[PDB]
Amino acid sequence: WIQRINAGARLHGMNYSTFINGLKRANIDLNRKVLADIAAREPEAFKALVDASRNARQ
Amino acid sequence: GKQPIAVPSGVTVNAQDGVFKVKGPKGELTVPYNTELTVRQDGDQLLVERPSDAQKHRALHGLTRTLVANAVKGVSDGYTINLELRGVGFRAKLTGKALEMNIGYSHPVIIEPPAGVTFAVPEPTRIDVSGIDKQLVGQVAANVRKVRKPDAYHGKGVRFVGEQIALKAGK
Amino acid sequence: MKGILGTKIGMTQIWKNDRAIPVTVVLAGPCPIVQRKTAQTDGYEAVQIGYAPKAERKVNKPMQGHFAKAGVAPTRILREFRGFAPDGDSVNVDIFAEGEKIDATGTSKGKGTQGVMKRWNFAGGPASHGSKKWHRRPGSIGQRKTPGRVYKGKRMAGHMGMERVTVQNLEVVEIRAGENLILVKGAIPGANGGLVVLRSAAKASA
Amino acid sequence: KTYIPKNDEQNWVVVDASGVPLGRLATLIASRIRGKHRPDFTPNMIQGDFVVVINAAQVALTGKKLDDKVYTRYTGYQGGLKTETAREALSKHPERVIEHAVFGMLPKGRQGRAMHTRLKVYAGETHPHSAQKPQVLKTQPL
Amino acid sequence: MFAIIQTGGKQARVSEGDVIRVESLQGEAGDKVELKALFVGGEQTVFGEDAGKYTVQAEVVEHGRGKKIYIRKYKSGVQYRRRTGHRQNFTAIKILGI
RNA sequence: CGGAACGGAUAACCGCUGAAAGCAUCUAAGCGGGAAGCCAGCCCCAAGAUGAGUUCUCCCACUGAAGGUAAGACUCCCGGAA
RNA sequence: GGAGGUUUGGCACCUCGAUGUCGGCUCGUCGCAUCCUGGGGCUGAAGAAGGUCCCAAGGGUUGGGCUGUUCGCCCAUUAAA
RNA sequence: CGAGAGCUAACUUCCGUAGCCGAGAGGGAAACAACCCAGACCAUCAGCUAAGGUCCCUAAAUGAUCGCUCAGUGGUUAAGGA
Ligand SMILES: [Mg+2]
Ligand SMILES: [Mg+2]
Ligand SMILES: [Mg+2]
Ligand SMILES: [Mg+2]
Ligand SMILES: [Mg+2]
Ligand SMILES: [Mg+2]
Ligand SMILES: [Mg+2]
Ligand SMILES: [Mg+2]
Ligand SMILES: [Mg+2]
Ligand SMILES: [Mg+2]
Ligand SMILES: [Mg+2]
Ligand SMILES: [Mg+2]
Ligand SMILES: [Mg+2]
Ligand SMILES: [Mg+2]
Ligand SMILES: [Mg+2]
Ligand SMILES: [Mg+2]
Ligand SMILES: [Mg+2]
Ligand SMILES: [Mg+2]
Ligand SMILES: [Mg+2]
Ligand SMILES: [Mg+2]
Ligand SMILES: [Mg+2]
Ligand SMILES: [Mg+2]
Ligand SMILES: [Mg+2]
Ligand SMILES: [Mg+2]
Ligand SMILES: [Mg+2]
Ligand SMILES: [Mg+2]
Ligand SMILES: [Mg+2]
Ligand SMILES: [Mg+2]
Ligand SMILES: [Mg+2]
Ligand SMILES: [Mg+2]
Ligand SMILES: [Mg+2]
Ligand SMILES: [Mg+2]
């Protein structure tokens, strides 16, 4: 799961550590990594979460 | 440290990323230099300034300055080293451009100049080397001298033209 | 570089001046120039030429066509000489002059499966002072436990024979021109009548 | 439960090597081969891109390494010892140097052998694989 | 598309008939209305405390015992072998929420 | 008949240009010289170098994975310094 | 002050439901703290023959009398034993 | 850790003491009873952490900032020298 998540993370120019820190920095994201994987199989929603996360480490 | 310079009248100095071109009476005497230093010149006179006083930084300044000094003064006036052979026999001669030593060995010992270096044998026991790249004239004179470096007892061999030498004793 | 093929015929006695010498007679018969291999069309420079004609009835069709590109009669052996670029066909006379050194390459005589005393000049072991490896046997074969190995490369009973062997600096004693014979000082390897090749010295020593 | 896909992809890329450190470039190629850049869809299958290095002979070794680095490789024979080719004279056949790096980091298993296939070193500025139409990819990572 | 996050229930944009761990509401009565943290309804993705706005109902379908498993354990040279039975209870449900 | 020569990069070593210290110093940038040793060079193996390479030539496109077949091998016979 | 583990040991760890032991013979291969050979420095090195240290493991390193011997002594040679 | 015996040797021998191993699984230390983390009731394709880690193998910052060492030191000692 983790190995698949950082792939899309870096695909957008973030990475696993920064991306889950940004999905944690917003309190409201509490989904399991497996569901982040299924999102990594649906690029549009994954990018929506990437922009959400990255708007939380600013 | 050393810095003051004297560029003459019949030469010209380019500059490019530290590595300048030079011409004059004998051109194409380019030399490498480091980018970290300031290859520069006012006009009537040159300089190499050191940007920072670091130890390894400081060494390059004096290295590069003597190098530009020799490289430009050699195209401006030239270099010429003289030597003498000493010992019984020890002939030398010029075949075309090549120098035939005939010096204390079963065979004649020849040397073919690298380009830019000119041998001359003004006297049968007097070698002379003329050129610009002082580094190459030095390696050429050394290649001749090594053929019979002086012995510790009697001083047979190649010698710089004014040279003295120590003599061990023996029987 | 330059070379030709032929067949070892036999050995003999010979007198150059008064010094008796053993020569070996190769027959280096004419060789067709079959294939002119150039690096621009083959990656490397060489020439392939033939020896000992084969009755056309015995050729495959592909080989009749191989030769048929070159206008050449089928020959049971073809070979390639690196760096060699002759013209016409390779007669032996033109390639050699009397006294010049030539390497002589032929296939060693197959002695089959040979012991170690025969193959590698092994020692043997006493033939009476106790044993029952009376001769022949290689003795020990390794250390003990440390490297449990027996070395890769180790010398052992085996096929002593049939190797290609080159023999260096043989001397052309004589050249019979219209017979396509060529004398060579001393021995060359092979059973008689095997193929062999004569070439310029691999190392032209001074 | 977890999504897996078919190996339907086959992708070609031209990594450059000129001026790059060895090793730095080598890990990038090992990552692209082993598949980490795409959602590493399985351990089980090799979904990595095909990687066509060019100008490998302009590779940089950033230390004193061009000398004094060594290349031991054992021929089974005793005295076939550390048959040390070591240096820039291994840049007599430059391409294998780079291979040896990425294969140093590609897996040692059946699959790990089999992926080395897709490594296509080319010490010159030119490569044959125009029919594959490889896609450019930059030596800087981020 | 989307799945239960096992820890109890709670999931995303599905529509199906999936098993999960037991519910302590028996029958098909539950009509469970679970909260969901993500949704792709209309291909319009929504997540976060936006997904505390939306909620999805799903009837309970059936209580059940899963496929059997043994629990076997071993340790060398100590005699000691162990063996035990196990099946995990669950409550399969079918989905039809917003 | 052979070990070898020529080549290249090298060990101890010997130097060229040369600073950091307006000297000196083979080195700190740089460069040249130097062994029976390292690489190449000699002879032999080798594309199961599954990374399976090249070249020349031949048979062609048959009938319903199979079958008669081409080019072409083999079986068997007679032998061989194999 | 270190190094190496080749000596006599210490210790008692695997092996007493078996790890054959000293010398020779036969095959070898490796280290280098280098006997010869190659390249050097210094020498109280004139030359020659040396001394001693450095780099160097490609190859090479003899045959006999005494004793089971290893070893050692001796014969007679060696580039060297 | 503290002593004796030993050579301030020993994966040596004998006591005191704490912990582990014996009787101990799981992560780390490439590998490894003893070390460092942590005591396995069962099931899960859930989450935070310990030691230990985040270039590729190999999970996770080719992280950030001031330096330090150009020795592959890192990745095997000392008296002594520079
Ligand atoms: Mg005998
Ligand atoms: Mg035995
Ligand atoms: Mg061992
Ligand atoms: Mg073994
Ligand atoms: Mg036990
Ligand atoms: Mg030579
Ligand atoms: Mg040097
Ligand atoms: Mg040289
Ligand atoms: Mg020799
Ligand atoms: Mg068929
Ligand atoms: Mg037993
Ligand atoms: Mg037994
Ligand atoms: Mg030594
Ligand atoms: Mg000597
Ligand atoms: Mg003398
Ligand atoms: Mg030896
Ligand atoms: Mg004591
Ligand atoms: Mg004990
Ligand atoms: Mg005890
Ligand atoms: Mg017990
Ligand atoms: Mg316990
Ligand atoms: Mg444990
Ligand atoms: Mg360890
Ligand atoms: Mg482990
Ligand atoms: Mg144990
Ligand atoms: Mg245990
Ligand atoms: Mg232990
Ligand atoms: Mg700890
Ligand atoms: Mg965690
Ligand atoms: Mg921590
Ligand atoms: Mg990783
Ligand atoms: Mg100290």
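Numbering of residues starts from 1 on every chain and follows the written order of that chain's sequence, so it may differ from the entry's own numbering; residues lacking coordinates are omitted. Going through the entries in the order they are written, you letter the chains from A and number the ligands from 1. This view holds some of the chains of a larger assembly, and the values cover only those chains. Based on all heavy atoms of the structure, the side-chain values leave hydrogens and waters out of the count. Residues with missing side-chain atoms are left out of burial classes, side-chain pairs and their counts.

Method of structure determination, per the deposited record: X-ray crystallography was used for this entry, reaching 3.4000 Å resolution.

What about the overall build of chain E?
Here a helix means four or more residues in a row that DSSP labels H or I, a strand means two or more in a row labelled E, and each is numbered from the N terminus. Each helix and strand counted, chain E has zero helices and nine strands in total. In chain E, the order of α-helices and β-strands from amino to carboxyl end is β-β-β-β-β-β-β-β-β. Taking 13 Å as the expected radius of gyration for a compact globule of 98 residues, we find that chain E reaches 19 Å, considerably beyond that expectation. C-alpha atoms of chain E, sized along the principal axes, occupy 60 × 30 × 20 Å. For chain E, the share of sequence-separated contacts (at least 6 apart) that also reach a separation of at least 24 residues comes to 55%. The globule rule is 2.2 Å times the number of residues to the power 0.38, and the radius of gyration it is compared with is taken over C-alpha atoms. The contact definition used throughout considers only heavy atoms, calling two residues in contact when any of these lie within 4.5 Å.

Re the interface of chain E and chain A
Taken together, the contact between chain E and chain A spans seven residues of the former and 11 residues of the latter. Residues are grouped as follows: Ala, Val, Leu, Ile, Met, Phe, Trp, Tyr, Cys and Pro are nonpolar; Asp, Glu, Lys and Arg are charged; every other residue, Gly included, is polar. Across the side of chain E that touches chain A, the residue classes break down as four nonpolar, two polar and one charged.

What to know about the protein's contact with RNA strand G
Contacts to RNA strand G come from 17 residues, most closely from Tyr-153 and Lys-168 of chain B together with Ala-123, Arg-144 and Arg-155 of chain C. Note on terminology: near, applied to a residue and a molecule or strand, indicates that one of the residue's heavy atoms is within 4 Å of it. When atoms of RNA strand G within 4 Å of the protein are sorted by moiety, sugar and phosphate together comprise 73%. Each polar contact in these results corresponds to two N or O atoms within 3.5 Å; when the atoms are within protein, one needs to be able to donate a hydrogen and the other to accept it, and residues that are neighboring in sequence are counted only if both atoms are side-chain atoms. The separation between a sugar or linking oxygen of RNA strand G and a polar main-chain atom of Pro-138 of chain C is 3.3 Å. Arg-144 of chain C has a polar side-chain atom sitting 2.9 Å from a sugar or linking oxygen of RNA strand G. Considering only residue class, the surface near RNA strand G consists of seven nonpolar, four polar and six charged.

Observations concerning the pattern of salt bridges
In what follows, salt bridge is the name for a side-chain nitrogen of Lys or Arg lying within 4 Å of a carboxyl oxygen of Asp or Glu. Per the stated rule, a full pass over the model turns up 14 salt bridges over all chains. The salt bridge partner of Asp-128 of chain B is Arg-126 of chain B, with a shortest N-O separation of 2.4 Å. Exposure categories follow from relative accessible area, calculated using a 1.4 Å probe and restricted to protein chains: below 20% of the type maximum is buried, above 50% is exposed, and the middle band is partly exposed. Classification of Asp-128 of chain B as buried rests on a relative accessible area of 8%. When the shortest N-O distance is used, the salt bridge between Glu-174 of chain C and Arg-176 of chain C registers 3.6 Å.

Looking at the interface of chain A and chain D
Listed per partner, the contact involves eight residues of chain A and nine residues of chain D. Summed over both partners, the accessible surface that disappears when two parts come together, traced with a 1.4 Å probe, is what is meant by buried area. Carbon and sulfur atoms make up 57% of the area that chain A and chain D hide from each other, which totals about 860 Å². Remark: the boundary between chain A and chain D carries zero salt bridges. Across the contact surface, chain A and chain D share two residue pairs in polar contact. For the side of chain A that touches chain D, the secondary structure elements donating two or more residues are α1 (2-11) and α3 (33-40) of chain A. If you tally residues by element for the side of chain A that touches chain D, the top one is α1 of chain A, at four residues. Tallied by class, residues from the side of chain A that touches chain D come to five nonpolar, one polar and two charged.

Some points on the environment of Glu-95 of chain D
Residue and element names in this part refer to chain D. With respect to the helices and strands, the residue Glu-95 is situated in helix α2 (residues 94-105). The partly exposed category is assigned to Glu-95, whose relative accessible area is 32%. Separated by 92 residues in the primary sequence, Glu-95 and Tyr-3 have C-alpha atoms spaced 38 Å apart.

With respect to the sheet that holds strand β2 (residues 19-27) of chain C
All names here are of chain C. Strand order around the closed barrel formed by six strands is β1-β2-β11-β10-β7-β12, with antiparallel pairing between neighbours. Each strand of the sheet is rotated relative to its neighbour by a mean of 50 degrees, with strand direction disregarded. Bridge count for strand β7 (residues 101-107) against strand β10 (residues 164-176) is six bridges, and the pairing is antiparallel. Its bridge partner lying in β10, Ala-104 is registered against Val-167. Should DSSP find at least two bridges between two strands, the strands are taken to pair. To define axes, lines are fitted to C-alpha atoms, for helices over the stretch in contact only, and angles between the resulting N-to-C directions are given on a 0 to 180 degree scale.

Quick look at the protein's contact with RNA strand F
Taken together, 40 residues surround RNA strand F, and among them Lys-2, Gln-55, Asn-70 and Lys-134 of chain B together with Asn-169 of chain C come closest. Taking the atoms of RNA strand F that fall within 4 Å of the protein, sugar and phosphate contribute 74% of them. Taking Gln-35 of chain C, its side chain carries an N or O atom lying 3.1 Å from a sugar or linking oxygen of RNA strand F. One nitrogen or oxygen atom from the side chain of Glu-99 of chain D is found 2.9 Å from a base nitrogen belonging to RNA strand F. Every element with two or more residues in the surface near RNA strand F is listed here: α1 (55-76) and α2 (134-145) of chain B together with α2 (61-70) and β10 of chain C. With seven residues, α1 of chain B is the single largest residue contributor to the surface near RNA strand F. Looking at the surface near RNA strand F, its residues break down into nine nonpolar, 19 polar and 12 charged.

Some words on helix α1 (residues 24-34) of chain D
All names here are of chain D. Among all positions in α1, only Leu-25, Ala-26, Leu-28, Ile-29, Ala-30 and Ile-33 are buried. As for α1, its buried residues are in contact with β1 (12-15), β2 (50-52), α2, α3 (110-115), β3 (119-120) and β4 (135-137). Looking one or two residues past α1, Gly-35 carries a phi angle of roughly 100 degrees, positive in sign.

Comments concerning the packing of aromatic side chains
Two rings belonging to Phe, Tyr or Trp (six-membered ring only in the last case) form a pair when the distance between their centres is within 6.5 Å. Interplanar angles under 30 degrees mark stacking, angles over 60 mark edge-to-face geometry, and anything in between is tilted. Evaluated as defined, the whole model comprises five aromatic pairs over all chains. Measuring from centroid to centroid gives 5.2 Å for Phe-19 of chain A and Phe-46 of chain A, while their planes differ by 5 degrees, and the two rings are stacked. A residue pair is termed long-range when its members are at least 10 positions apart, and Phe-19 of chain A in helix α2 (residues 16-25) and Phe-46 of chain A in helix α4 (residues 43-54) qualify at 27 residues. Taking the relative accessible area as the measure of exposure, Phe-46 of chain A reaches 4% and is therefore buried. Pairing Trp-12 of chain D with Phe-50 of chain D gives two aromatic rings, centres 4.5 Å apart and planes at 10 degrees, and the pair type is stacked. One end of the pair, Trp-12 of chain D, is in strand β1; the other, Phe-50 of chain D, is in strand β2, with 38 residues separating them in the sequence. The two residues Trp-12 of chain D and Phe-50 of chain D agree in class, both being buried. Charge-over-ring contacts are defined here by two conditions on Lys NZ or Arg CZ: a distance within 6 Å of the ring centre and an angle within 35 degrees of the ring normal. The cationic tip of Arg-41 of chain A hangs over the ring face of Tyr-3 of chain D; the distance from NZ or CZ to the ring centre is 5.2 Å.

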